[PDB]
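Colleague: My structure is below; once you've seen it, I'll send some questions.
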Amino acid sequence: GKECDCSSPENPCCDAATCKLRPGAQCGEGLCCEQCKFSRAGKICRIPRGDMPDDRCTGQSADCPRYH
């Protein structure tokens with residue numbers, strides 16, 4: 001399924017014609033995609049309340065991963 005880089009067909013970061021990144025971007029969408037490019041690692045994507053660890057982007061992943 002390497003034909004869609006974004007989920008929304010109206011996202012500007014990804015081309016709707018091919019449904020994939022259009023300009024020199026690294027990601028069309030994601031909790032860590034600034035300017036359509038992968039943000040940086042150590043990026044808190046989800047802060048768990050209570051006594052859990054903080055999830056942070058790895059700088060190379062646009063979507064926020066997990067710690068399992």
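Starting from 1 in every chain, residues are counted up; chains themselves are A, B, ... following the order of the structure tokens, and ligands are numbered from 1 as listed.
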According to DSSP computed on the backbone, where in segment 3-56 of chain A is there strand (DSSP E or B)? Give the residues as a ChimeraX atom specification.

Modeller: /A:14-15,20-21,33-34,37-38,41-46,55-56

Colleague: Store the residues of this selection in a file with N, CA and C atoms, as a compact mmCIF listing (two decimals), in the first residue's frame.

Modeller:
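To be explicit, this is the file written out as result-v3.txt:
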# COMPACT_ATOMS: atom_id res chain seq x y z
N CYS A 14 0.45 16.32 1.24
CA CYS A 14 0.46 15.16 0.31
C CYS A 14 -0.36 15.49 -0.94
N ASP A 15 0.06 15.00 -2.06
CA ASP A 15 -0.67 15.28 -3.32
C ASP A 15 -1.93 14.42 -3.38
N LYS A 20 0.13 11.04 -2.35
CA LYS A 20 1.46 10.89 -1.70
C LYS A 20 2.13 12.26 -1.56
N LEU A 21 3.12 12.37 -0.71
CA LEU A 21 3.82 13.67 -0.52
C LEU A 21 4.06 14.33 -1.88
N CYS A 33 4.74 16.07 12.39
CA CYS A 33 5.01 16.48 10.99
C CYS A 33 4.88 18.00 10.87
N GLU A 34 5.97 18.70 11.02
CA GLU A 34 5.92 20.18 10.91
C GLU A 34 6.32 20.59 9.50
N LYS A 37 7.18 17.84 7.16
CA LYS A 37 8.48 17.13 7.34
C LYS A 37 8.52 16.50 8.73
N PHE A 38 9.22 15.41 8.87
CA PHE A 38 9.31 14.74 10.20
C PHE A 38 9.82 15.73 11.25
N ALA A 41 13.06 14.07 17.35
CA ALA A 41 12.83 13.05 18.40
C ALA A 41 12.64 13.74 19.75
N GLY A 42 12.22 13.02 20.74
CA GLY A 42 12.00 13.64 22.07
C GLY A 42 10.79 14.56 21.97
N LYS A 43 9.92 14.31 21.03
CA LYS A 43 8.72 15.18 20.87
C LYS A 43 7.52 14.52 21.57
N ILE A 44 7.17 15.01 22.73
CA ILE A 44 6.02 14.42 23.48
C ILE A 44 4.78 14.32 22.58
N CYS A 45 4.42 13.13 22.18
CA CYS A 45 3.22 12.96 21.32
C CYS A 45 2.02 12.62 22.20
N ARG A 46 2.27 12.11 23.38
CA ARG A 46 1.15 11.76 24.29
C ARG A 46 1.66 11.73 25.73
N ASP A 55 5.57 9.54 26.05
CA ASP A 55 5.89 9.08 24.67
C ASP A 55 6.44 10.26 23.87
N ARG A 56 7.53 10.06 23.17
CA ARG A 56 8.12 11.18 22.38
C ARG A 56 8.51 10.69 20.98

Colleague: Quick one: residues within 12 Å of residue 11 of chain A, only C-alpha atoms, excluding same-chain residues fewer than 3 positions away - as a tab-separated table (two decimals) with N, CA, C and O atoms, in the first residue's frame?

Modeller:
chain	number	residue	atom	x	y	z
A	4	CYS	N	-0.25	5.79	-0.77
A	4	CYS	CA	-0.87	6.91	-0.01
A	4	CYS	C	0.05	7.31	1.15
A	4	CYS	O	0.32	6.53	2.04
A	5	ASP	N	0.51	8.53	1.16
A	5	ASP	CA	1.41	8.98	2.26
A	5	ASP	C	0.58	9.72	3.31
A	5	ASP	O	1.04	9.98	4.41
A	6	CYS	N	-0.63	10.08	2.98
A	6	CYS	CA	-1.49	10.80	3.96
A	6	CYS	C	-2.88	10.16	4.00
A	6	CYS	O	-3.26	9.44	3.10
A	7	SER	N	-3.63	10.42	5.03
A	7	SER	CA	-4.99	9.82	5.13
A	7	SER	C	-6.02	10.78	4.52
A	7	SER	O	-6.93	10.37	3.83
A	8	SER	N	-5.88	12.05	4.76
A	8	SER	CA	-6.85	13.03	4.20
A	8	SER	C	-6.49	13.32	2.73
A	8	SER	O	-5.34	13.57	2.42
A	14	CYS	N	0.45	16.32	1.24
A	14	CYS	CA	0.46	15.16	0.31
A	14	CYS	C	-0.36	15.49	-0.94
A	14	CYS	O	-1.35	16.19	-0.88
A	15	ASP	N	0.06	15.00	-2.06
A	15	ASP	CA	-0.67	15.28	-3.32
A	15	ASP	C	-1.93	14.42	-3.38
A	15	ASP	O	-1.88	13.22	-3.21
A	16	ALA	N	-3.06	15.02	-3.64
A	16	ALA	CA	-4.32	14.23	-3.72
A	16	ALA	C	-4.33	13.42	-5.02
A	16	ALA	O	-4.89	12.34	-5.09
A	17	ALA	N	-3.70	13.93	-6.04
A	17	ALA	CA	-3.66	13.18	-7.34
A	17	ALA	C	-3.08	11.79	-7.10
A	17	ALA	O	-3.67	10.79	-7.45
A	18	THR	N	-1.92	11.72	-6.49
A	18	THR	CA	-1.30	10.39	-6.22
A	18	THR	C	-1.49	10.03	-4.75
A	18	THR	O	-1.14	8.95	-4.32
A	19	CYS	N	-2.05	10.92	-3.97
A	19	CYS	CA	-2.26	10.62	-2.53
A	19	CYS	C	-0.91	10.46	-1.82
A	19	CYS	O	-0.81	9.80	-0.81
A	20	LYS	N	0.13	11.04	-2.35
A	20	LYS	CA	1.46	10.89	-1.70
A	20	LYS	C	2.13	12.26	-1.56
A	20	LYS	O	1.76	13.21	-2.22
A	21	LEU	N	3.12	12.37	-0.71
A	21	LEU	CA	3.82	13.67	-0.52
A	21	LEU	C	4.06	14.33	-1.88
A	21	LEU	O	4.40	13.68	-2.85
A	22	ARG	N	3.87	15.62	-1.97
A	22	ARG	CA	4.07	16.32	-3.27
A	22	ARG	C	5.41	17.09	-3.27
A	22	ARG	O	6.29	16.76	-4.04
A	27	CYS	N	6.61	13.89	5.41
A	27	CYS	CA	5.34	13.27	5.88
A	27	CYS	C	4.18	14.19	5.48
A	27	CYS	O	4.30	15.40	5.46
A	28	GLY	N	3.04	13.62	5.17
A	28	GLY	CA	1.87	14.46	4.78
A	28	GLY	C	1.10	14.81	6.04
A	28	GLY	O	0.44	15.83	6.11
A	29	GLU	N	1.17	13.97	7.02
A	29	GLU	CA	0.44	14.25	8.28
A	29	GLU	C	0.97	13.34	9.40
A	29	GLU	O	1.50	12.28	9.15
A	30	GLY	N	0.84	13.77	10.63
A	30	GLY	CA	1.34	12.95	11.77
A	30	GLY	C	1.49	13.85	12.99
A	30	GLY	O	1.63	15.05	12.88
A	35	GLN	N	5.47	21.29	8.82
A	35	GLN	CA	5.79	21.70	7.42
A	35	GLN	C	5.77	20.47	6.52
A	35	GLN	O	6.36	20.44	5.46
A	36	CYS	N	5.08	19.44	6.94
A	36	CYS	CA	5.02	18.20	6.11
A	36	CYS	C	6.33	17.43	6.25
A	36	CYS	O	6.59	16.48	5.54

Colleague: So how many Å separate atom CA of residue 31 of chain A and atom CA of residue 2 of chain A, to one decimal?

Modeller: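 One can read the atom CA of residue 31 of chain A to atom CA of residue 2 of chain A distance as 20.0 Å.
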
Colleague: Atom CA of residue 67 of chain A and atom CA of residue 51 of chain A are how many Å apart?

Modeller: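 Distance reported for this atom pair: 14.0 Å.
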
Colleague: Between atom CA of residue 10 of chain A and atom CA of residue 23 of chain A, what distance in Å does the model show, to one decimal?

Modeller: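 For atom CA of residue 10 of chain A relative to atom CA of residue 23 of chain A, the distance reads 14.6 Å.
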